[PDB]
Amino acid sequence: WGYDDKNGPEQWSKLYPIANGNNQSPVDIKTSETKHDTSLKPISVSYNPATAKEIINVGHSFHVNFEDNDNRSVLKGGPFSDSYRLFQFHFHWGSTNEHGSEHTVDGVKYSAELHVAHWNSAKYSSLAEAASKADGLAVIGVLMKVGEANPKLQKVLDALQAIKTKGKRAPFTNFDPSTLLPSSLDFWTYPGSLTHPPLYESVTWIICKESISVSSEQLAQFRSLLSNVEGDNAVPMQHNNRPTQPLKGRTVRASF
């Protein structure tokens, strides 16, 4: 699976027919159609930098994975009664600065998007159990607007040189990804899906109102990762953002 013409978002529905389901992600958030929900509590994140484990080139992207054997690193609040356990963060980007976010806001496309992913450790005992459950996953999305270089990305960007080709992996330790979140945690929430196969409709999306910055040159560092395995002809990871999907009657709630 990838973002090419023959393995990309338009091809996913042949093995994953949920791609055409009613709770698919990402979406365009129309702010005139959001419903302010008074019952939404503030997002609370409390992550232990010691849970940072590994950075991996997965061919179409890179993932930073976390130790998830215990509740050292948790998300609570917002729409949730259950505590969610941090397990990964990653980014999405586009071929040029003009697009690359997954979510849009009032049709506006940003240059990239951060995803911070968690699984419901109150109700389930593993990511594998949680992955397919309607209440199983919680992902914070942060829209990334091209502009000033973001110094909080530095450890992540410095690590990429050790995972240049598909399947390379390296230790990635002592990192608290709450340092990447915007200063305001005002958010939108809706019920949706993984944005990559297998596209399970198991994700409660938390989309931050406030963007964070990224430079043109930092985006170029993402696009210079290689989708090929070592020794093959180099094939840059140009883009990995899924198009926005129909809301199909879902309501986006606003904390603000």
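Take the two forms, find the largest set of C-alpha atoms that superpose within 1.5 Å, and that set is the rigid core. Numbering starts at 1 and follows the sequence shown.
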Judged by RMS Cα deviation after a rigid core fit in 9 other deposited structures of this protein, the more variable of 6-14 and 19-27 is 6-14
Mean Cα B-factor comparison, 58-66 or 36-44, giving the higher one as deposited: 36-44
Do the CA atoms of 108-116 or those of 148-156 have the higher mean B-factor in the entry? 148-156
Compare the CA B factors listed in the entry for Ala122, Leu143, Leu180, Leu86 and report the winner. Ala122
Among all modelled residues of this chain, ranked by Cα B factor, put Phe80 in the bottom, middle or top third, i.e. lowest, middle or highest. highest
Just say lowest, middle or highest third for the CA B-factor of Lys248 relative to the other modelled residues in its chain. highest
Name the third of the chain's ranked CA B-factors that contains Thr173, choosing lowest, middle or highest. middle
Check where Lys14 lands among this chain's C-alpha B-factors and tell me if it's the lowest, middle or highest third. highest
For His92, return the chain-relative third of its C-alpha B-factor as stated in the PDB record: lowest, middle or highest. lowest
